[PDB]
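Enquirer:
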Amino acid sequence: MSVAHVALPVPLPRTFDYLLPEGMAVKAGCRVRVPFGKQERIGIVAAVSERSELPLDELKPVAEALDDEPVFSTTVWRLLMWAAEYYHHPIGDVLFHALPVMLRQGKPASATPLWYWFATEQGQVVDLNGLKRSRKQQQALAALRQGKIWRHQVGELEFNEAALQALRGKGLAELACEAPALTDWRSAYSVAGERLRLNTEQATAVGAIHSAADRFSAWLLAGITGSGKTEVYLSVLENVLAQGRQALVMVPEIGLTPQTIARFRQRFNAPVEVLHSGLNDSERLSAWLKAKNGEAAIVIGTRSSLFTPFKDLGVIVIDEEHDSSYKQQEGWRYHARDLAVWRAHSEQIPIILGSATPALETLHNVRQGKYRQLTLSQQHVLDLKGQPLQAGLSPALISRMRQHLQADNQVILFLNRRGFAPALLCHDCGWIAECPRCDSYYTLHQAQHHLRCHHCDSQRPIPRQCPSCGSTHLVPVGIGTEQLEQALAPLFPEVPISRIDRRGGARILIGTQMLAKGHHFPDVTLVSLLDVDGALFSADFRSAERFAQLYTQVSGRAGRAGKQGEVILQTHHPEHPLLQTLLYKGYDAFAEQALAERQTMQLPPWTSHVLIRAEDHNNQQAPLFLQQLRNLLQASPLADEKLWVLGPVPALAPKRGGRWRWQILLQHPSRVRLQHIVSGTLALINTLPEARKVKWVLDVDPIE
DNA sequence: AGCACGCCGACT
DNA sequence: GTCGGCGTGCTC
Ligand SMILES: [Zn+2]
Ligand SMILES: [Zn+2]
């Protein structure tokens, strides 16, 4: 008989072999019910052949075959298989992550009638306090008066079906089945909204994409906000939609502004399906089949929407391609942008990466000749060198602050991220604590009695006096969630303070990250970036870029939305070249410079990076386990000169809570060479018996 | 991951 | 004398 290698939803980097009951034909990509020691669990058959590696007598059989045809097209299958090894995640978790939950649970991949609880119209007219002390029946009807509740979703909510049942008894609610709907849109597909009123460059862009709309093509569409990136998306979609092919457009988690959705639903008289994290499992399933069956012209979604099955997909476009939201950071740590062009190239399709602030790596491939580029077309910097600081603010700015709160306006003050790792700086002369081993910046660690370089793990006592000018007023950098509110309120009394990370009125809102493109602040007239020092002297080589991204966003947003609001910058080094080139020459010029020196130090995107992080409860066991794997990695047959593994080094968040976090960084000029290096070294991880008593994670191409 | 087996505190 | 803590280990 034949050997069924089936992948299982367990964190084990390998398939499991079983036998077919002869007469059973399951191609790879089908779900099979299969015994797994003590449980009965589902698996995708990764491959069926006629040669195993263990006694065929021991090998249990497969219980049942749940799919006649694979639930993956060959393109998305190949794509998942490649990503499983490039990212080094257990193939079973990768394959399952890519399916609707109901398909991970072995239910049939066909349409099923959806049952919903709805409020009767007495249920929407009877006074809600009429049953005020009826426990949850009340809050159940509350939720009902905002929309239909699915039966199986009730379990996730605070109330139970008992309440809904008691309501149905009292005539307030009722259950029913929303029968599906068939739609043939390809016949009689027009466009509402308007006819296009494009200008010259948008026209040229649509032409360039159209003249290649069939072969693989990667287009970076670069244009600042309001230059009509979306427009040329909808013209591109139109052309692709005329053929009868389908379109997939991806946005950030917080990029689903009903503004953007309502615009798409108007332009086409074809079905659009939009996937936001708030849909239940039945809505996610049916959308999966509607897309695959062709009954859906357009799918709009986020990171996960990349794995959507398409009868005939014609184009895929991702907005705000620079957004970090496209890199999952729990579990399987894939990057939807990179996997997107892979799915685009393997489908022979145009991919459109639209951005107002393009990622440095995509700019790097544009230059390298792998994407083509399609283009569309006050302030004050305040030197803090010596000025007395009032809770971290500069006098020349606090006075320019009150003048803005004077007219009952609002103000955003932007700091570095929560948990930023701080440098050391001389308040008077600008000298920064550098490492005596590499020309890297030292990370200060006040409670630990020492400095510590994150690139070479050196240590030095905290120097009490500046070794270039001699001021005793040596300060850290970055303020973040240190409750600037506490030091701030005494100076701005009766003025409230809040945060904008997840009406009118004069106030100060601190910020730690970039704003959402569909998230404006109407009452804000003043924005100041206090994060320039932390950005420019960080242990994170990407801090500058993220800053320069935030700067060009808040400079164009507040600067020319229609009011003349001001941006102020607070650096101990206004003379800095990268800082100035950004300020007076724009993001693209800064980018070209930042790219050109990422190369001199040999970091992404010129090199490839891989972070292995492990944490423990004693600070002694995780590091040395990494030190062993470090030594084993270097002993790989494919190691040569270019591979470097710095570490082990404590993570930039040393002890989040009680556990202690250490990490090891691998880098190499060749992405797949390094993929082969760790891929081989990973099959022999059982050599180190401690790899199963630390919590270890593997992060390919990290964002940090 | 599940779900074992496997040796030491508070309870009938 | 129990019923139960989760510390290592396996699952074709
Ligand atoms: Zn100094
Ligand atoms: Zn160093």
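Count the first sequence with PDB author numbering and you get residues 1 to 377, 387 to 511, 529 to 730, in order.
All C-beta atoms, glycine included, are put in the ideal place defined by N, C-alpha and C.
Kindly indicate which residue of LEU658, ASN645 and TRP670 has the alpha-carbon position closest to the one of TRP688.
Expert: Checking every option, the nearest Cα to that of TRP688 belongs to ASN645.
Enquirer: Who does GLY43 pair with in a DSSP beta bridge?
Expert: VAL32, per the DSSP bridge assignment.
Enquirer: What does a CB cutoff of less than 8 Å around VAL191 pick up in its chain, not counting 5 residues either side in sequence?
Expert: Answer for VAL191: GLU238, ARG267, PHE268 and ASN269, listed in chain order.
Enquirer: Is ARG446 near ligand 2, with its Cβ less than 6 Å from a heavy atom?
Expert: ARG446 Cβ: within cutoff of ligand 2.
Enquirer: On a Cα-Cα basis, can you pick out the residue from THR200, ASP184, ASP214 and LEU241 that is closest to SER227?
Expert: Among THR200, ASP184, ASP214 and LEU241, the Cα nearest to that of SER227 is on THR200.
Enquirer: Taking only the alpha-carbon atoms, compute the straight-line gap between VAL558 and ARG78 and give it to the nearest angstrom.
Expert: Answer to the nearest angstrom: the Cα atoms are 44 Å apart.
Enquirer: So is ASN425 buried or exposed if we call it buried at 16+ other beta carbons inside 10 Å?
Expert: It is buried - the Cβ of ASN425 has at least 16 other Cβ atoms within 10 Å.
Enquirer: Which whole runs of the alpha helix (DSSP H) in the stretch 564-615 are 4 residues long or more, in chain order?
Expert: DSSP runs (the alpha helix (DSSP H)) wholly in the stretch 564-615: 569-585 and 603-611.
Enquirer: Are the Cβ atoms of residue 382 and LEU555 separated by less than 7 Å?
Expert: Residue 382 cannot be placed in this structure, since the chain goes from 377 to 387 without the numbers between.
Enquirer: Specify the secondary structure class of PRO631 as computed by DSSP and reduced to three states.
Expert: Note: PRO631 maps to coil in three-state DSSP.
Enquirer: Rank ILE224, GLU667 and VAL675 by C-alpha distance to the C-alpha of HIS322 and give the top, closest one.
Expert: Nearest option by C-alpha distance: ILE224.
Enquirer: Between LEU652 and the rest of its own chain, which residues show a CB-CB distance below 7 Å, the 5 nearest in sequence each way excluded?
Expert: Closer than 7 Å at Cβ, skipping near neighbours: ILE638, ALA640, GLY673, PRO674, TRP688 and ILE690.
Enquirer: Just how far apart, CA to CA, sit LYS107 and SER569?
Expert: Their Cα atoms are separated by approximately 46 Å.
Enquirer: Would you call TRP670 buried or exposed, if buried means 16 or more other Cβ atoms sit within 10 Å of its Cβ?
Expert: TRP670 should be labelled exposed.
Enquirer: Quick one: using the 10 Å Cβ neighbour count with 16 as the cut-off for buried, is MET540 buried or exposed?
Expert: Under this definition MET540 is a buried residue.
Enquirer: Give the straight-line distance between the Cα atoms of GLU40 and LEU724, rounded to the nearest whole angstrom.
Expert: Rounded to whole angstroms, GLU40 to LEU724 spans 29 Å at the Cα level.
Enquirer: Take the Cβ of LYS719 as the centre, count every other Cβ of all protein chains shown within 10 Å, and call the residue buried at 16 or more, exposed below.
Expert: Exposed is the call here.
Enquirer: First and last residue of the alpha helix (DSSP H) that includes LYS721?
Expert: It is not in any alpha helix (DSSP H) - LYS721 instead sits in the beta strand (DSSP E) that spans 721-726.
Enquirer: With a threshold of 6 Å, establish whether the CB of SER377 neighbours any heavy atom of ligand 2.
Expert: For ligand 2, not one heavy atom lies less than 6 Å from the Cβ of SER377.
Enquirer: Hey, could you find the ends of the alpha helix (DSSP H) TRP288 is sitting in?
Expert: 281-292 is the extent of the alpha helix (DSSP H) around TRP288.
Enquirer: Would you call the stretch 52-65 in contact with the stretch 91-101, where contact means no fewer than 3 C-beta pairs closer than 8 Å?
Expert: The stretch 52-65, when compared against the stretch 91-101, does not touch it at the 8 Å Cβ threshold.
Enquirer: Roughly how far, in whole angstroms, is the beta-carbon of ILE509 from the beta-carbon of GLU494, given that I think they are within contact range, below 8 Å?
Expert: With 8 Å as the limit, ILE509 and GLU494 do not qualify as a contact, their Cβ atoms being about 13 Å apart.
Enquirer: Is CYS438 close to ligand 2? I mean its beta-carbon at under 6 Å from any heavy atom of the ligand.
Expert: Result no, Cβ not under 6 Å from ligand 2.
Enquirer: Could you tell me whether the Cβ atoms of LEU363 and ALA617 are closer together than 7 Å?
Expert: Closer than 7 Å, so yes.
Enquirer: Decide if the stretch 416-425 is in contact with the stretch 478-488; the criterion is three or more beta carbon pairs, one per stretch, under 8 Å apart.
Expert: Result yes; three or more Cβ-Cβ pairs closer than 8 Å.
Enquirer: Taking the alpha carbon of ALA213 as the point to measure from, which residue in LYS229, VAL76, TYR233 and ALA222 has its own alpha carbon closest?
Expert: Answer by Cα proximity: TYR233.
Enquirer: Whole angstroms is fine: what's the gap from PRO113's alpha carbon to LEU175's?
Expert: Each residue's alpha carbon lies about 12 Å from the other.
Enquirer: Let me know if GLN202 comes out buried or exposed under the rule of 16 or more other beta-carbons within 10 Å of its beta-carbon.
Expert: Result: buried.
Enquirer: Do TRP150 and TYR116 have their C-beta atoms within less than 7 Å of each other?
Expert: Taking 7 Å as the Cβ cut-off, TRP150 and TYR116 qualify as a contacting pair.
Enquirer: Mind pulling the alpha helix (DSSP H) runs of 4 or more residues that sit fully within the stretch 110-176?
Expert: Listed in chain order, they are 121-125, 136-144 and 161-169.
Enquirer: By the 10 Å Cβ neighbour count, where 16 or more other Cβ atoms means buried, how is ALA430 classified, buried or exposed?
Expert: Answer is buried; the Cβ neighbour count reaches 16.
Enquirer: Should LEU221 go down as buried or exposed, given a rule of 16 or more other Cβ atoms within 10 Å for buried?
Expert: Result: buried.
Enquirer: What separation, rounded to the nearest whole angstrom, lies between the Cα atoms of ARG372 and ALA416?
Expert: Each residue's alpha carbon lies about 48 Å from the other.
Enquirer: Leaving out the 5 sequence neighbours to the left and right, which residues in its chain are closer than 6 Å to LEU535 when beta-carbon positions are compared?
Expert: Counting only Cβ-Cβ distances below 6 Å, and skipping sequence neighbours, we find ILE421, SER507 and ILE509.
Enquirer: Is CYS435 close to ligand 1? I mean its beta-carbon at under 6 Å from any heavy atom of the ligand.
Expert: Yes, Cβ of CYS435 sits closer than 6 Å to a heavy atom of ligand 1.
Enquirer: From the DSSP output, which residues share a beta bridge with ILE711?
Expert: Bridge partners of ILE711: none, in fact.
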